Amino acid sequence: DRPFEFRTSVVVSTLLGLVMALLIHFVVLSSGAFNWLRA
Amino acid sequence: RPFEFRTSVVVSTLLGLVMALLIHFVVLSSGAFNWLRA
Amino acid sequence: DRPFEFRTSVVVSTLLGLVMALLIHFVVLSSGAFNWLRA
Amino acid sequence: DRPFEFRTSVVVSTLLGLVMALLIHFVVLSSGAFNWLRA
Amino acid sequence: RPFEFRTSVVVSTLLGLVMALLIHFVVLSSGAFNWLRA
Amino acid sequence: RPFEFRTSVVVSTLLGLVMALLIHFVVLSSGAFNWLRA
Amino acid sequence: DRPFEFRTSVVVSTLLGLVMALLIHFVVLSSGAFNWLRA
Amino acid sequence: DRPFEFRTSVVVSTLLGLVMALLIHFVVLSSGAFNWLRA
Amino acid sequence: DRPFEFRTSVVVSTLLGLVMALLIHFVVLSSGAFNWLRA
Amino acid sequence: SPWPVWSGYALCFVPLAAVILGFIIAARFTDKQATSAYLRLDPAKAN
Amino acid sequence: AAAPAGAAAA
Amino acid sequence: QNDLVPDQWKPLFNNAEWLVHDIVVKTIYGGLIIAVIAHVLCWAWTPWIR
Amino acid sequence: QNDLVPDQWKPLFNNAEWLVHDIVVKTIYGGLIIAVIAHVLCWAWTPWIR
Amino acid sequence: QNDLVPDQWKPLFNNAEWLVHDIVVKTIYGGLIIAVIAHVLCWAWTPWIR
Amino acid sequence: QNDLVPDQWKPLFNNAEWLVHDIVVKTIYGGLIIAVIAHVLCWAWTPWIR
Amino acid sequence: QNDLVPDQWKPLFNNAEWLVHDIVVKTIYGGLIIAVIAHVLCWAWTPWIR
Amino acid sequence: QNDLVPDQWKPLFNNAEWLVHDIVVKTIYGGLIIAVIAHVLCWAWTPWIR
Amino acid sequence: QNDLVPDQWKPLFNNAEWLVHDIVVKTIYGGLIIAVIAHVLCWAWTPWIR
Amino acid sequence: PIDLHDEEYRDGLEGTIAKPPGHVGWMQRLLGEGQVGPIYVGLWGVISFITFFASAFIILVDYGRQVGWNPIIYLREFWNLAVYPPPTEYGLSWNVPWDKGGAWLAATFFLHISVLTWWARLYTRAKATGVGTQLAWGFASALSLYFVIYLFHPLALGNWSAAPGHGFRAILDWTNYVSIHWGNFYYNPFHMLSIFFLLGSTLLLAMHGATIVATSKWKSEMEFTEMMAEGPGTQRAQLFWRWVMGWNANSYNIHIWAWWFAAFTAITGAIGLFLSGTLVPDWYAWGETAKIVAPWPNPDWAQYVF
Amino acid sequence: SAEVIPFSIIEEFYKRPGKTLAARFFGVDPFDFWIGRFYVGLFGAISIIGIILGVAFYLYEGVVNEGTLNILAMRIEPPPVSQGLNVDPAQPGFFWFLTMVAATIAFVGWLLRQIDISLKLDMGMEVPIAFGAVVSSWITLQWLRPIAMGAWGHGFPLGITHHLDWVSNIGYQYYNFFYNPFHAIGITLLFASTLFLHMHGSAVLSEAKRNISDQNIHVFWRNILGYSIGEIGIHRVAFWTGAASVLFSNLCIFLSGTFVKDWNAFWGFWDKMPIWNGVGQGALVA
Amino acid sequence: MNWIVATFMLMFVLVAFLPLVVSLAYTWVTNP
Ligand code: BCL
Ligand code: BCL
Ligand code: BCL
Ligand code: BCL
Ligand code: BCL
Ligand code: BCL
Ligand code: BCL
Ligand code: BCL
Ligand SMILES: CCCCCCCCO[C@@H]1[C@@H](O)[C@H](O)[C@@H](CO)O[C@H]1O
Ligand SMILES: CCCCCCCCO[C@@H]1[C@@H](O)[C@H](O)[C@@H](CO)O[C@H]1O
Ligand SMILES: CCCCCCCCO[C@@H]1[C@@H](O)[C@H](O)[C@@H](CO)O[C@H]1O
Ligand SMILES: [Mn+2]
């Protein structure tokens, strides 16, 4: 009956958040604007 | 259960996300703004 | 009833933690920032 | 009834421990830090 | 029974044979020992 | 009866034959013994 | 009923003997250690 | 009732004649023996 | 009950003869041994 | 000579003719078998 | 008697 | 169940779908406002038409 | 079933789903606070807009 | 069945699930403490932010 | 069945599973002791952090 | 059936199987003798162990 | 069926499994003795740690 | 069909299985001696350890 | 006299494992069946398993030796590692070093044994139930090309390096190299026949699947009971293809078409590959003498240059 | 229940007038009749016009304009790429264009005709979908890719042996084509399709004229692989795999002249990821 | 390269995938 199950929304939001966190971390690391793990 | 509303909202969300990612990468790789520079 | 099962959440958390630990260890080893395992 | 079966936990723990032992032994062997099996 | 003795025996025998073969191959390929040299 | 004798016989015979063939191949490739040389 | 079958053992023995004969002939004759069919 | 139908004969004859006419026209035009369609 | 049918024999003989005749004619034509259809 | 070599006939044109003729014959026999009279459910009752 | 597979069963 | 949903769109929406649709439109309006503010700030930083 | 769920959200959330939703929203609030602090500290370290 | 589970979480957890959850919680707390100590020691060794 | 199991862990173990569990924990304790000794010996041989 | 088979081997063999077994063992013995002769002849030709 | 098995291990073994288990443990002990001897000989030949 | 098997191995062997087992143990004992002789001869030929 | 329950729920070497069976839900929804297991293990299924894993063990240990026993480089370089046959300086000789061709020889021998015993397993399990032995001969037609690729073509050419390496990228490399060596493979006529039969097989598979799914309201996919008396779905499929093409087939001989179209592919491929090096060393030159190559005197090469 | 029917009753029962697309748009189908065994309609006349014109244009371009009676030595070629997307009756490639256009009409007409027949027998739309996959293959090769590239000279020549020279030259211009991921997916799906076809044919033939039940084949397929798929799922998998094989190959050839120029360089990123770059020494770097 | 025509052609190539996806979704929905 419901348009959306709560389980699907939770799963999709968690997966999207994890993927976005990884993508932003890799883009910022590759840019070279910050020192981070040099040497 | 009708399939129109859920399909419409899913395709709208996917379009919005893809468009935002594409525009952000296009602006980043152009160098017009300072943003993330060495 | 219950949207999620406890077993599924436990399995997902364990797998995610293991993968994350391996990934971070590999990145740090390949970066060359720390002495660690050197000839 | 029961969330986890004991047999599956035993099997998973055994396989994971074996895999980690092999991985760490090969990493340390190929790193070249320790003398071990040389020439 | 939750545990079958036959399965444990078979798994142990296979795992021991595989490990012995692997160790022999690594040790011979190492070149540390004077074993089967032309 | 948990253990069958026929399974033991078949598995042990096959493993012995496989190991004999593998050792013969390895020793022939090594070149340490004269054997089938020129 | 019978734990062991004679027909199966006969078939297996014949196949094994044929395979071994072919393999040994090929291995021995391609080594170049014997003077067989030389122009 | 009868081994052959009149309609099938008419159809086959018409198809064959049309195909043959087109093919002969193309071949005779390609041969170059006649001053038929030249700039 | 007859082992073979006469129709099968006739069809096989006719097909085999036709294929053989065409092959021999075209093999002899391109050999250059006989004058035949020589420009 | 404007003619192909003998292996041109043996390897190219004979297999081509054989494929075309075999397809025609197999199709003819398939259609002859499929459009004959045998056990079927009655279309009037079954529908 | 006549059947789809070409077999004529009784 | 067709309650609190106007009769015009009853052959399309339930009440749960009505609530989800309301949430969606509110989210859209908030996002539009924030996007307008972001574009104004970026223009004040560096204009892209000259 | 629909006991702890408020009357407005009865057609959407079950009894267990309400508790799960509460946990999720509290987690999101905590994550937002931590993200704000992290962004402020990173701007103090090295500004990314010049 | 649901005897030792507190009445707040009864629609979600069972007795066996409650026990396994307690084990998991304690393991996570111990791991967090050890990870904090490891990070402090690694920074004292060589800082990764300069 | 659930006779040798203590009252706390009745909803999770049998007698057979309890015996196998005891064997597993003894093995893990012995392995941990051996591993600690091995790590100390390898550090005394050549330290791996410099 | 089970008439010419010795009493020791009744639960394994039959009449036809016993006859085929005798044929097989005689063939194996003949082949082994021929193989020994062939190996001696080949060694006389060219020794393969040097 | 469980007469030879000691009272402690009745819920896990039969007579047949008990006999097979005894065979296995004796084989493992013999193999361990041989392995210790082989390692001592190999170290006397060439040590693998330098 | 258990009259040739010793009373200790009744829960594991049959008459036919006992006969085949006797064949197998004799074959293994025969093969071991030949293997030992072959290894001694090959060492006398060219040792593989230096 | 076949007891299917006994054939599926027996113990011993001549018996099944993976009992009690399992159930996958998404396979039940998408495919219509969800039960997994039990699976028969016998004598011919234990000889295939052990020999396959012997060959796989040899290949993977040699991969590790090439990488240097480094797991990270092993993961990085996994899809472009390979075990190659001995080079051309050796002939068909087995006196080759282990890292220059011995491992390939051992692993290939074990793979040969495994595929043969798998054929035997298919044959014997077909006879154990009440069905015919048609999958076994289809596998034999498939194995003809396999044995030409790995055994017979190197034998007739005189070297083991004419055979593929064992790797993910090495099979594509073998395809490229073998086409380049012997002229151009596009002008191989049995290559043309093989492509004819492969594309026809894909055409026919798509057609049959679509037409059976389309008429499934009347249970046309129960092809066992349709071969005894045809109902409305089969009649509709017949009328569809008669009104489209002008001729149709049965619920029986369509699967005959399927079997033979799939079988001819491997046989024509085996013949073409075997002829490729031994009788015709150059396929473009042969096609030029056979009048099947177009002249092309003034190409427009601006298409092919950046 | 079942008796002997002579197949004339079968065909006469199922013939009805007017349930096609043209009957739903215009209210009547102008060509709603049968010729022989074939059903003619709208899209059956259009298709036949396209077929006849395409054959005639192909043969005129081959026999005339090239002067060859050898059918395997013809090069029915598009205009040069210097002409752009322009059509000119006074230039060499013109007839190629005509042929191409005619074929498109024929192919598209065929597709629509199938839909009509599917509507006459109250069936699903699976055959039009499976055929539209390969019609889209033709459209991608001959329409979309040349328009994106910018010239009609990027389409394939239509000779029997010469359209393979185009395949060879295009494949070696974007070397290595085996390294194209969509190409690999397409080849995998082709091989799987042929394997599935052989398996289904063998399975149905092995149980045909026998006094057994319908459960023997399930026991057989479960003793060998551990899983039996069913009767609706074998045919569904056939349909889906056959369509996907060419659907994935459309991308491989479209992305060659556009967005990519070299499939060996495409993989240059793989060894540069932070997880494993900078871990080996010697020829084991990168 | 125009890059605007190429994107529309790419969208057509992608929309060629739609009927098979609808077939899979129909099969999933109609078989609960
Ligand atoms: C150098 C070459 C010459 C030339 C030399 C010739 C010669 C020589 C001949 C023609 C003939 C023809 N030429 Mg001219 N022709 C030239 C150039 C042209 C050009 C042009 C634009 O350049 C055109 C349009 C034509 C047109 C024609 C046709 C009117 C005619 C072919 C009849 C036909 O198709 O039979 C096929 C028609 C059918 C309907 C097929 C059926 C025929 C079969 C064989 C018999 C079955 C009949 C059937 C059962 C009857 C049932 C009734 C039907 C259903 C109606 N020619 C040039 C100038 N041409 C032929 C002719 O005069 O025929 C009367 C002929 O012999
Ligand atoms: C110090 C040098 C590196 C660094 C190298 C690493 C490495 C290497 C690791 C981390 C890990 C972590 N780092 Mg760090 N990290 C760095 C800088 C950062 C920065 C930053 C802003 O700079 C942040 C936010 C973090 C954040 C983090 C966390 C995400 C994480 C530790 C918490 C955790 O989840 O594990 C805590 C663990 C638990 C809560 C679960 C408990 C696990 C238990 C202990 C089981 C262990 C298995 C055991 C060995 C088996 C024996 C069992 C017996 C046989 C019975 N790191 C710098 C750049 N970081 C770890 C990680 O990702 O783990 C997931 C990790 O491995
Ligand atoms: C300033 C430099 C660039 C530029 C850079 C960008 C960048 C970068 C972006 C845009 C985006 C937009 N730009 Mg702009 N843009 C420029 C010039 C223009 C011009 C013009 C004529 O000059 C026009 C008409 C536009 C128009 C647009 C719109 C298409 C769009 C804003 C609508 C929107 O996103 O709200 C619609 C509202 C919603 C879709 C609601 C959804 C948002 C909610 C709030 C969710 C947010 C996700 C959030 C992070 C998740 C957190 C979850 C919690 C942790 C739980 N731009 C200049 C040239 N533009 C954005 C876009 O494409 O987004 C789709 C975008 O990312
Ligand atoms: C993974 C390997 C084995 C296993 C290995 C062990 C070992 C070893 C032990 C147990 C113990 C137990 N196991 Mg067990 N156990 C397994 C799987 C299970 C499963 C299951 C569902 O599969 C269940 C229900 C159990 C149940 C149990 C309980 C009967 C028993 C007590 C738990 C407890 O009170 O600790 C709850 C308390 C915690 C979880 C805290 C400990 C975690 C710490 C914090 C992690 C880091 C440790 C490090 C030294 C730091 C400590 C100090 C910190 C800084 C605070 N085990 C698997 C098969 N199990 C314990 C016992 O008493 O044996 C009878 C025990 O020592
Ligand atoms: C490959 C393993 C073999 C096996 C090989 C052996 C061997 C060898 C022995 C047994 C023994 C036993 N086996 Mg057993 N056994 C197997 C599988 C089983 C299974 C099963 C469910 O599969 C069961 C129920 C059993 C049951 C048993 C018990 C009847 C018996 C007592 C165990 C024990 O001492 O508990 C308590 C558990 C321990 C005390 C383990 C502690 C040992 C140490 C700590 C392990 C770590 C080693 C570490 C590196 C060095 C330690 C030094 C430290 C400083 C302490 N075995 C498999 C097939 N088994 C023992 C016996 O006496 O048989 C009559 C015995 O010696
Ligand atoms: C001498 C040169 C080579 C050598 C070349 C060969 C070749 C070549 C062969 C052997 C074979 C054998 N060699 Mg040698 N062998 C060498 C060195 C050795 C050494 C060593 C330590 O040096 C050992 C232990 C062996 C041992 C062996 C045995 C494994 C085997 C003995 C045959 C047998 O079992 O007959 C058992 C009895 C039979 C097989 C009965 C046969 C039944 C009939 C006769 C089949 C024949 C077909 C028929 C006549 C065809 C006619 C058709 C008509 C219709 C009738 N060889 C040297 C290096 N060796 C053979 C083998 O592997 O066969 C299994 C084999 O072909
Ligand atoms: C393996 C190939 C053939 C086969 C070939 C032979 C041959 C040849 C013979 C038999 C013989 C027998 N076979 Mg048979 N047999 C086969 C299949 C079967 C099957 C079955 C159901 O599969 C069964 C039940 C049998 C049963 C039998 C018995 C009737 C009989 C065993 C006598 C005995 O007590 O041996 C127990 C004794 C031993 C096992 C001796 C051990 C051999 C030695 C010690 C090991 C090898 C070393 C080498 C030969 C040199 C020894 C020197 C050492 C340094 C000491 N065979 C297969 C198909 N079989 C024998 C017979 O009929 O003679 C009267 C016999 O000669
Ligand atoms: C540059 C590349 C060359 C080219 C070089 C070659 C070469 C070289 C060959 C082909 C061959 C073929 N080519 Mg080509 N080919 C070219 C371009 C094409 C084009 C195209 C559109 O351009 C197409 C459609 C094809 C198509 C084909 C196939 C028709 C044919 C092989 C099909 C086959 O049966 O494989 C199926 C494979 C098998 C049946 C054997 C392997 C599998 C067997 C059954 C054993 C597997 C069991 C396994 C070990 C078990 C382990 C699995 C476990 C489950 C884990 N080629 C161009 C010209 N091509 C082959 C051929 O047949 O030549 C005539 C061949 O040798
Ligand atoms: C679909 C491709 C494989 C992924 C499998 C796991 C995805 C979720 O799979 C679920 C199944 O777990 C559930 O049983 C059925 C309905 O019975 O619905 C599916 O969506
Ligand atoms: C080809 C892959 C086969 C194995 C798929 C592994 C994930 C299957 O996951 C299924 C779920 O989809 C299903 O809902 C439940 C309940 O029956 O059972 C699981 O095994
Ligand atoms: C039984 C299977 C066929 C056996 C055929 C053996 C072919 C042997 O062919 C070998 C070559 O492979 C070898 O390189 C040279 C060495 O000079 O000598 C030849 O006789
Ligand atoms: Mn079918």
# chains A, B, ... in the order shown; residues from 1 in each chain; ligands from 1

call {"tool": "calpha_fit_rmsd", "arguments": {"fixed": "chain B", "moving": "chain E"}}
result
1.8 Å

call {"tool": "interface_residues", "arguments": {"of": "chain R", "to": "chain F", "cutoff": "8 Å", "atoms": "only C-alpha atoms", "output": "mmCIF file with N, CA, C and O atoms, in the first residue's frame"}}
result
data_model
loop_
_atom_site.group_PDB
_atom_site.id
_atom_site.type_symbol
_atom_site.label_atom_id
_atom_site.label_comp_id
_atom_site.auth_asym_id
_atom_site.auth_seq_id
_atom_site.Cartn_x
_atom_site.Cartn_y
_atom_site.Cartn_z
ATOM 1 N N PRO R 11 31.689 -52.442 13.758
ATOM 2 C CA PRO R 11 30.874 -51.273 13.395
ATOM 3 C C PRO R 11 31.414 -50.466 12.225
ATOM 4 O O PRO R 11 30.897 -49.385 11.934
ATOM 5 N N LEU R 12 32.443 -50.967 11.543
ATOM 6 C CA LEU R 12 33.055 -50.237 10.440
ATOM 7 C C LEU R 12 33.276 -51.053 9.177
ATOM 8 O O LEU R 12 33.363 -50.454 8.100
ATOM 9 N N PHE R 13 33.360 -52.378 9.257
ATOM 10 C CA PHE R 13 33.740 -53.190 8.111
ATOM 11 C C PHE R 13 32.735 -54.307 7.873
ATOM 12 O O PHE R 13 31.979 -54.705 8.761
ATOM 13 N N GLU R 17 34.346 -55.711 2.394
ATOM 14 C CA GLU R 17 35.209 -54.581 2.707
ATOM 15 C C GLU R 17 36.463 -55.033 3.439
ATOM 16 O O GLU R 17 37.547 -54.492 3.210
ATOM 17 N N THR R 46 73.038 -40.012 -8.328
ATOM 18 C CA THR R 46 73.403 -38.611 -8.127
ATOM 19 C C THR R 46 72.624 -38.055 -6.941
ATOM 20 O O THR R 46 71.394 -37.964 -7.006
ATOM 21 N N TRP R 48 70.724 -35.508 -4.573
ATOM 22 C CA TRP R 48 69.941 -34.315 -4.866
ATOM 23 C C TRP R 48 70.056 -33.247 -3.791
ATOM 24 O O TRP R 48 69.379 -32.221 -3.886
#

call {"tool": "residues_near_ligand", "arguments": {"ligand": "ligand 11", "cutoff": "6 Å", "atoms": "only C-alpha atoms and all ligand atoms", "output": "mmCIF file with N, CA, C and O atoms, in the first residue's frame"}}
result
data_model
loop_
_atom_site.group_PDB
_atom_site.id
_atom_site.type_symbol
_atom_site.label_atom_id
_atom_site.label_comp_id
_atom_site.auth_asym_id
_atom_site.auth_seq_id
_atom_site.Cartn_x
_atom_site.Cartn_y
_atom_site.Cartn_z
ATOM 1 N N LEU G 22 49.916 -43.693 -24.111
ATOM 2 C CA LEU G 22 50.046 -42.573 -25.041
ATOM 3 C C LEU G 22 50.966 -41.492 -24.483
ATOM 4 O O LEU G 22 51.836 -40.970 -25.194
ATOM 5 N N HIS G 25 54.692 -42.703 -24.499
ATOM 6 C CA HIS G 25 55.238 -42.713 -25.852
ATOM 7 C C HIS G 25 55.539 -41.303 -26.340
ATOM 8 O O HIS G 25 56.609 -41.053 -26.908
ATOM 9 N N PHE G 26 54.619 -40.360 -26.116
ATOM 10 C CA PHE G 26 54.864 -38.996 -26.573
ATOM 11 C C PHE G 26 56.037 -38.357 -25.839
ATOM 12 O O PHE G 26 56.869 -37.689 -26.459
ATOM 13 N N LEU G 29 59.412 -40.123 -27.053
ATOM 14 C CA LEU G 29 59.820 -39.967 -28.445
ATOM 15 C C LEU G 29 60.114 -38.523 -28.840
ATOM 16 O O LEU G 29 60.803 -38.304 -29.840
ATOM 17 N N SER G 30 59.629 -37.540 -28.091
ATOM 18 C CA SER G 30 59.889 -36.140 -28.402
ATOM 19 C C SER G 30 61.103 -35.580 -27.676
ATOM 20 O O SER G 30 61.433 -34.408 -27.868
ATOM 21 N N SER G 31 61.778 -36.384 -26.857
ATOM 22 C CA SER G 31 62.943 -35.903 -26.126
ATOM 23 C C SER G 31 64.166 -35.754 -27.020
ATOM 24 O O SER G 31 65.018 -34.902 -26.751
ATOM 25 N N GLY G 32 64.269 -36.554 -28.075
ATOM 26 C CA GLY G 32 65.444 -36.565 -28.915
ATOM 27 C C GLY G 32 66.563 -37.465 -28.447
ATOM 28 O O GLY G 32 67.664 -37.394 -29.002
ATOM 29 N N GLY S 91 60.858 -28.032 -29.396
ATOM 30 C CA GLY S 91 59.844 -28.492 -30.317
ATOM 31 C C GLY S 91 58.595 -28.899 -29.577
ATOM 32 O O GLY S 91 57.909 -28.063 -28.985
ATOM 33 N N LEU S 92 58.290 -30.191 -29.614
ATOM 34 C CA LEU S 92 57.285 -30.790 -28.756
ATOM 35 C C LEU S 92 57.916 -31.474 -27.552
ATOM 36 O O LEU S 92 57.344 -32.422 -27.010
ATOM 37 N N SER S 93 59.091 -31.013 -27.137
ATOM 38 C CA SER S 93 59.843 -31.638 -26.062
ATOM 39 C C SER S 93 59.274 -31.268 -24.698
ATOM 40 O O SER S 93 58.757 -30.168 -24.491
#

call {"tool": "closest_atom_pairs", "arguments": {"of": "chain J", "to": "chain K", "cutoff": "12 Å", "atoms": "only C-alpha atoms", "output": "tab-separated table"}}
result
residue	atom	partner	partner_atom	distance
J:30	CA	K:6	CA	11.4
J:32	CA	K:6	CA	11.3
J:33	CA	K:6	CA	7.8
J:34	CA	K:4	CA	7.8
J:35	CA	K:4	CA	9.9
J:36	CA	K:4	CA	8.8
J:37	CA	K:2	CA	7.4
J:38	CA	K:2	CA	4.8
J:39	CA	K:3	CA	5.4
J:40	CA	K:4	CA	8.4
J:41	CA	K:4	CA	11.7

call {"tool": "closest_residue", "arguments": {"among": "R:16, R:50, R:2, R:26", "to": "chain Q", "atoms": "only C-alpha atoms"}}
result
R:50

call {"tool": "residues_near_ligand", "arguments": {"ligand": "ligand 4", "cutoff": "10 Å", "atoms": "only C-alpha atoms and all ligand atoms", "output": "ChimeraX atom specification"}}
result
/C:7 /D:2-14,17 /N:16-17,19-35,37 /O:5-6,8-13,17-18,20-29,32

call {"tool": "select_by_dssp", "arguments": {"residues": "chain L", "states": "helix (DSSP H, G or I)", "output": "PyMOL selection string"}}
result
chain L and resi 7-9+15-45

call {"tool": "residues_near_ligand", "arguments": {"ligand": "ligand 8", "cutoff": "6 Å", "atoms": "only C-alpha atoms and all ligand atoms", "output": "number ranges by chain"}}
result
S: 142-143, 145-146, 175-176, 178-179, 185-186, 190-191, 194-195, 198, 265-266, 269-270, 272-273

call {"tool": "write_last_selection", "arguments": {"atoms": "N, CA and C atoms", "output": "CSV table (one decimal), in the first residue's frame"}}
result
chain,number,residue,atom,x,y,z
S,142,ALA,N,31.5,-30.0,-29.0
S,142,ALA,CA,32.2,-28.9,-28.5
S,142,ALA,C,33.7,-29.2,-28.2
S,143,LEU,N,34.0,-30.4,-27.7
S,143,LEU,CA,35.4,-30.8,-27.3
S,143,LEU,C,36.2,-31.0,-28.5
S,145,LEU,N,36.7,-29.0,-31.1
S,145,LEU,CA,37.5,-27.7,-31.3
S,145,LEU,C,38.5,-27.5,-30.1
S,146,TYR,N,38.1,-27.8,-28.9
S,146,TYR,CA,39.0,-27.7,-27.8
S,146,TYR,C,40.3,-28.5,-28.0
S,175,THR,N,44.0,-15.3,-30.0
S,175,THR,CA,43.2,-15.0,-31.1
S,175,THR,C,43.8,-14.1,-32.1
S,176,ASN,N,44.3,-12.9,-31.6
S,176,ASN,CA,44.9,-11.9,-32.4
S,176,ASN,C,46.1,-12.5,-33.2
S,178,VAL,N,47.1,-15.6,-33.8
S,178,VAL,CA,46.8,-16.7,-34.8
S,178,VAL,C,46.2,-16.1,-36.0
S,179,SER,N,45.3,-15.1,-35.9
S,179,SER,CA,44.8,-14.5,-37.1
S,179,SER,C,45.9,-13.8,-37.9
S,185,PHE,N,42.2,-14.0,-41.2
S,185,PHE,CA,41.2,-15.0,-40.9
S,185,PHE,C,39.8,-14.7,-41.5
S,186,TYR,N,39.5,-13.5,-41.9
S,186,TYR,CA,38.3,-13.1,-42.6
S,186,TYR,C,38.1,-13.9,-43.9
S,190,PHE,N,35.9,-21.6,-43.9
S,190,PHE,CA,35.2,-22.3,-42.7
S,190,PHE,C,35.1,-21.4,-41.5
S,191,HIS,N,35.9,-20.3,-41.4
S,191,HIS,CA,35.6,-19.3,-40.5
S,191,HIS,C,34.3,-18.6,-40.8
S,194,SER,N,31.5,-21.0,-39.7
S,194,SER,CA,31.4,-20.9,-38.3
S,194,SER,C,30.6,-19.7,-37.9
S,195,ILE,N,30.9,-18.5,-38.5
S,195,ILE,CA,30.2,-17.3,-38.1
S,195,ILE,C,28.7,-17.4,-38.5
S,198,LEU,N,27.1,-19.5,-35.8
S,198,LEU,CA,27.0,-18.9,-34.5
S,198,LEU,C,25.9,-17.8,-34.5
S,265,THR,N,28.6,-25.3,-35.5
S,265,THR,CA,29.5,-24.2,-35.2
S,265,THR,C,30.9,-24.8,-34.8
S,266,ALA,N,30.9,-25.7,-33.9
S,266,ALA,CA,32.2,-26.2,-33.4
S,266,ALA,C,32.9,-27.1,-34.4
S,269,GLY,N,34.4,-24.9,-37.1
S,269,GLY,CA,35.5,-24.2,-36.5
S,269,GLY,C,36.7,-25.1,-36.3
S,270,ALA,N,36.5,-26.3,-35.9
S,270,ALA,CA,37.7,-27.2,-35.8
S,270,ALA,C,38.3,-27.5,-37.2
S,272,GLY,N,38.2,-25.5,-39.9
S,272,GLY,CA,38.9,-24.3,-40.3
S,272,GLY,C,40.2,-24.1,-39.6
S,273,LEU,N,40.2,-24.1,-38.3
S,273,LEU,CA,41.5,-23.9,-37.6
S,273,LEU,C,42.5,-24.9,-37.9

call {"tool": "atom_distance", "arguments": {"atom1": "atom CA of residue T:243", "atom2": "atom CA of residue S:206"}}
result
6.9 Å

call {"tool": "residues_near_ligand", "arguments": {"ligand": "ligand 10", "cutoff": "6 Å", "atoms": "only C-alpha atoms and all ligand atoms", "output": "CSV table (one decimal) with N, CA, C and O atoms, in the first residue's frame"}}
result
chain,number,residue,atom,x,y,z
S,23,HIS,N,16.6,-22.8,-0.9
S,23,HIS,CA,15.6,-22.0,-1.7
S,23,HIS,C,16.0,-20.6,-1.8
S,23,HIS,O,16.2,-19.9,-0.8
S,24,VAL,N,16.1,-20.1,-3.0
S,24,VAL,CA,16.4,-18.7,-3.3
S,24,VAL,C,15.1,-18.0,-3.8
S,24,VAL,O,14.6,-18.5,-4.8
S,25,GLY,N,14.7,-16.9,-3.2
S,25,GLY,CA,13.5,-16.2,-3.5
S,25,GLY,C,13.5,-15.4,-4.8
S,25,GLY,O,12.5,-15.5,-5.6
S,26,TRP,N,14.6,-14.7,-5.1
S,26,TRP,CA,14.6,-13.9,-6.3
S,26,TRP,C,14.7,-14.8,-7.6
S,26,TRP,O,14.1,-14.5,-8.6

call {"tool": "decode", "arguments": {"residues": "stretch 34-40 of chain M", "atoms": "C-alpha atoms", "output": "short mmCIF file (atom, residue, chain, number, x, y, z; two decimals), in the first residue's frame"}}
result
data_model
loop_
_atom_site.label_atom_id
_atom_site.label_comp_id
_atom_site.auth_asym_id
_atom_site.auth_seq_id
_atom_site.Cartn_x
_atom_site.Cartn_y
_atom_site.Cartn_z
CA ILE M 34 30.52 16.56 13.60
CA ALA M 35 30.67 17.52 9.91
CA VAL M 36 30.27 21.22 10.74
CA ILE M 37 33.10 21.05 13.27
CA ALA M 38 35.33 19.16 10.82
CA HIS M 39 34.72 21.71 8.05
CA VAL M 40 35.51 24.61 10.39
#
